[PDB]
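Below: the structure, in structure tokens.
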Number of protein chains: 2
Amino acid sequence: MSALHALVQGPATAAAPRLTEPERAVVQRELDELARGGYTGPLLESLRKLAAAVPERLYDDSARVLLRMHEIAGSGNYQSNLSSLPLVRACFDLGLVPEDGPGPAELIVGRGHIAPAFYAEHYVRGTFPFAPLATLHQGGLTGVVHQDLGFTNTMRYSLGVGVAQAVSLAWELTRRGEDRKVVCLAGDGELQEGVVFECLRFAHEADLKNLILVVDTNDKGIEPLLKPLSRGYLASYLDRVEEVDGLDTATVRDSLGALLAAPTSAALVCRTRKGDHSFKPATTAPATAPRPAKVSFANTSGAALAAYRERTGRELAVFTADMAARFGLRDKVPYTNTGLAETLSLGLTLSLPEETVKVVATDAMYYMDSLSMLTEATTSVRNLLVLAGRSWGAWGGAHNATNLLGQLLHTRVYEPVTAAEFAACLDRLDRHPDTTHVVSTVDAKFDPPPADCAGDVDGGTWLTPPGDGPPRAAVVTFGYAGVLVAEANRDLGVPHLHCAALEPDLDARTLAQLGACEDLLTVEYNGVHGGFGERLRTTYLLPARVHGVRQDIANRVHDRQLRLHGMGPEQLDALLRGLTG
Amino acid sequence: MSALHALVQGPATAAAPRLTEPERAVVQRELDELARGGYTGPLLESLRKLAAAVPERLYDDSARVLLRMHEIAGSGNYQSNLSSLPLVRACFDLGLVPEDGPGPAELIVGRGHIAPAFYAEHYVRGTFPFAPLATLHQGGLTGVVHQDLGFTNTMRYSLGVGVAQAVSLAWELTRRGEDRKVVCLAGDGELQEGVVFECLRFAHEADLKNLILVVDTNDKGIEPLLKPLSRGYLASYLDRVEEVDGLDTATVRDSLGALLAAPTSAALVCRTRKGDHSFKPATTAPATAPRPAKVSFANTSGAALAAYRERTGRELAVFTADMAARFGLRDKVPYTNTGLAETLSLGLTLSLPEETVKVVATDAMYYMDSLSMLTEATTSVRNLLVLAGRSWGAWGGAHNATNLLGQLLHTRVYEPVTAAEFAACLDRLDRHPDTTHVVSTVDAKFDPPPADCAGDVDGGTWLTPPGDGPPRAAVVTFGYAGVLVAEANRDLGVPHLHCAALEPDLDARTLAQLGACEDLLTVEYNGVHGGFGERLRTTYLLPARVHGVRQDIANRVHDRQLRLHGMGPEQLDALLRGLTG
């Protein structure tokens, strides 16, 4: 059976109960012709022909169907696509999107959260069906651009790569020499990085002429920007710059049509506006007794840091790579925001006094771009704390960030899963004033586990102590998985050991009673390469199986993703019975 | 005994035979008062008092003594310091270098190859002796700035960190609020990076006022720059910019004295000139039968790539992060230079056709700054070759670059040590058109080993086949060490196994005959963390000792550095006898 069938069948029929009768009938019909057979091979054209089979068109407008997608999925960046819809409309009007074959110009969509807008305008043209649309951020479709959906790009977790791809293609076109225009889409806060500066600089040195930029400046990134985008910086490194509104499709279409004629490199500043970044659905539950927002560990950091500062009396300098509204640091401790500059967040903390404790925090998968700077700080600064969050949500993930952070010089890595473990990790910065500490805080929504590593963080804490006699089997876990396995072990009670340290210092009794077991398993929710299981294998010579994040991180919501990696409660329980076998 | 004694005793008396009689007498006298005792504790003030003990001054000029240092050491960047001497002279004239206590302004030396110039001007003041000066790039003194020699900085292998440190200190000074000027020294090609852009951008957003830049633009980096430094880029992000000559000390001193008064952030463009980057001593051997330059593997890459292109007929696109004159690629294959943009070198190779083989090459310790971009390419591009050179010379090294490169997604890493291994690795890019290949080419000067891994690179090749009977011991090596151990094994003939793959696929017979050995040793010339020895340990459960690069990379020439890590022929032979024990 072909890929698109398994791609679309699950989330569509799963969301079928929450659907309208015309849309329910349309989805049922699409499933009908899908079951008629003949849908195999490449994705995009198979979907296009599938839609061409059913000429039914629900709406004559795109905003409504995009809203339907977002509300059914209940996630994504709906406001950004509302903002950006005129741009995609104008691009489609010019024919920049070729229906069949190569168009009159190549195109490089650079922003990674304007993928659904393309699905939107595709529905009016009658080239995409409605069954996948109800599968947004659920495994069916993809919130980020990708090759096999009619684009010419590919996007990963990181940011800023769009301009790099466009400049690579432009340099190619200039090398062969076919004066063919490449138009690339750029974001507002994605120029705060440094990679785009390097790509623009190379474009200017080589006197490139076939590069066109359409950048949208809504004046607000994830947090309101300190100062608007540096227009002199754009002007210096490119021949021409212009700015128009992001609401009137006619102006954008006319501007790009005129600009596609002149064979000179230029950038277009599509001024736009937007509100809150993320999306909050209108809860089906009406106004009732107020719902207390359940707490993700990405929201207990601020409270613990404030508690530490009051408890000890030291001074905290806080830099968080412009994700304070994500770490809960707001309203708890003072902090200074730096914007989309991940290397800079680490760079600020070198000249600070040796007596001042400093914290740098962000999603771990950004540190990939600043390891060099990090491998200076861990040698020239003291009293440093690193917070590496994990959002393997709808967007994606580099499953190696923790493993690479834990292989630099004089660095320790921890994954606390309670409030006592976090407090002990905070306390650590007076016993090891030289070794830089890193904390990995999960995004999970879960009740606190009963017991933890209270004060001996670098040791092993039994969450289900092993029984007496010859130990036949045991399971060793790491951090969040320790919670996740715990809820699946309350029935079996398999001997379960937790360790809040990526490089634990297991002692003689623990290892001795662990080795007599005939089979050992590790359940780590981090990258297998350079990770807890094989670090145990290499340090202690443990014949232990490893089952962690094996392949790359897909783009699904957290529940379906837990299902994907073999980390769901059902599959974890099945693995636990496999241990009990 | 104190540190400075062992610091200075070795290289000084070692270079004593090649010295002048007055300088020989001066060095002998300095050794005399050093042996009188009382030289313990902190380095810089101990050296200053040691020099104050002997008021003798050889020269009244600095260029001559700096030349003496360079010629005795026979390495470094002599031309750059000749160029930069007026800057340091003017800085000393203003009192920016405080003799005792804090001066009227803080200072941040940013370039990493203007350390000897400070030693130079220190000799005229009679505050530094002459014994350490004959220990340049030999363990005595340091070619890069460091904390304990009268500076306020620290520098690592990477570039661009100087502006980061200066901006951190400036933000501190503004936070407390003491309107105190911080003056930082900047290089020409060290603004081609992106980190300095991020730091300057942050300085401008926060409306910083106490940051002063003195940047020297000799118009030539390691290779002549394509276009001069972007003056509009400097002007946009800073309040004031000025440019003067780098030859008249009076103009620079006057300009900085005037600028130290006005409390507004500004940058000074000290225009300068220089010739060849590195240094070549006048050979003591006169004009004889022409000496054929002995070949380092950093000079066989171009020939092998040209041989591959002619042999197969494909098309090569070559990007080398502006180090072509270092990889020998010159005059062998065409290439396009990108300058000091290490992320960009990888970024260019995404939109290239799937039928075109591409190569990206540089010193591995720069890839630390672009791993994220790399972990996109290895998933979206095919026919990619990575060349990771190793220069653990006088400057320093991040001993983890290979280990981190080999832990990304769909990547293989190799260390060929012949010409057949390199050819087979080139051939590999038609059997694995999906997995990105990485080649690690040493800088060593050595005769080719007798045998190698000719075609089965991912296997194990016996360089000294094990004898019959019960195998008591064996040694497993990796790449350059295989050569280095070989020259130390021709006498003992210890069973020695070479493997040109960081993740070798050892087969049943090899592992079976390896396991019966009572003791196993690994001799790897890469980083121990995440390296060949422990990768073997974790993959194959081998009770094997590891002896590789343990601590950080010091700043010495290659021979003394081989002595330092326990990798010298004498210590390696001692380890081999320890195996034979």
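Identifiers for the structure tokens are assigned positionally: chains receive A, B, ... in sequence, residues are indexed from 1 per chain, and ligands are indexed from 1 in the order shown.
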Once you count only C-alpha atoms, what closest atom pair and distance in Å to one decimal does each residue of stretch 401-472 of chain B within 6 Å of stretch 499-504 of chain B have, with rows by chain and rising residue number, as JSON lines?
{"residue": "B:413", "atom": "CA", "partner": "B:502", "partner_atom": "CA", "distance": 5.5}
{"residue": "B:414", "atom": "CA", "partner": "B:501", "partner_atom": "CA", "distance": 4.6}
{"residue": "B:415", "atom": "CA", "partner": "B:500", "partner_atom": "CA", "distance": 5.2}
{"residue": "B:416", "atom": "CA", "partner": "B:500", "partner_atom": "CA", "distance": 5.6}
{"residue": "B:457", "atom": "CA", "partner": "B:500", "partner_atom": "CA", "distance": 5.9}
{"residue": "B:458", "atom": "CA", "partner": "B:504", "partner_atom": "CA", "distance": 5.3}
{"residue": "B:460", "atom": "CA", "partner": "B:499", "partner_atom": "CA", "distance": 5.0}
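Taking only C-alpha atoms, the non-local environment of residue A:427 within 12 Å (same-chain residues fewer than 2 positions away omitted) comprises residues 304, 305, 307, 308, 309, 311, 312, 314, 357, 383, 385, 420, 421, 422, 423, 424, 425, 429, 430, 431, 432, 433, 437, 454, 455, 456 and 457 of chain A.
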Give me, as number ranges by chain, the residues of chain A touching chain B, with the criterion being at most 8 Å (counting only C-alpha atoms). A: 154-156, 158, 161, 164-169, 172, 192-195, 197-199, 202, 205, 226-227, 232-233, 236, 338, 341, 343-344, 347-352, 366, 368-373, 376, 380, 400, 404, 407-408, 529-530, 534-535, 537-538, 541, 543
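From atom CA of residue B:528 back to atom CA of residue B:548, the distance works out to 5.5 Å.
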Got a sec: who's within 12 Å of residue B:449, counting only C-alpha atoms, leaving out chain neighbours fewer than 4 positions off, as JSON, numbers by chain? {"B": [416, 417, 418, 419, 420, 421, 453, 463, 464, 479, 480, 481, 482, 483, 484, 485, 486, 487, 490, 498]}
Gap from atom CA of residue A:519 to atom CA of residue A:544 - Å, one decimal: 6.7 Å
Among stretch 165-294 of chain A, which ones does DSSP place in alpha helix (DSSP H), written as a PyMOL selection string? chain A and resi 165-176+195-205+231-237+249-259
Distance in Å - atom CA of residue A:139 versus atom CA of residue A:56: 24.7 Å
Excluding residue A:44 and any residue of its chain fewer than 6 positions from it, enumerate the residues within 9 Å of it, using only C-alpha atoms, and give them as an MDAnalysis selection string. chainID A and resid 128 148:150
Any chance you can output those residues with C-alpha atoms as a PDB file, in the first residue's frame?
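Done, and the output landed in result.pdb:
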ATOM      1  CA  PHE A 128      -5.837  19.723  -3.231  1.00  0.00           C
ATOM      2  CA  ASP A 148       7.270  16.740  -2.153  1.00  0.00           C
ATOM      3  CA  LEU A 149       4.335  19.168  -1.800  1.00  0.00           C
ATOM      4  CA  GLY A 150       4.937  21.386  -4.833  1.00  0.00           C
TER       5      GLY A 150
END
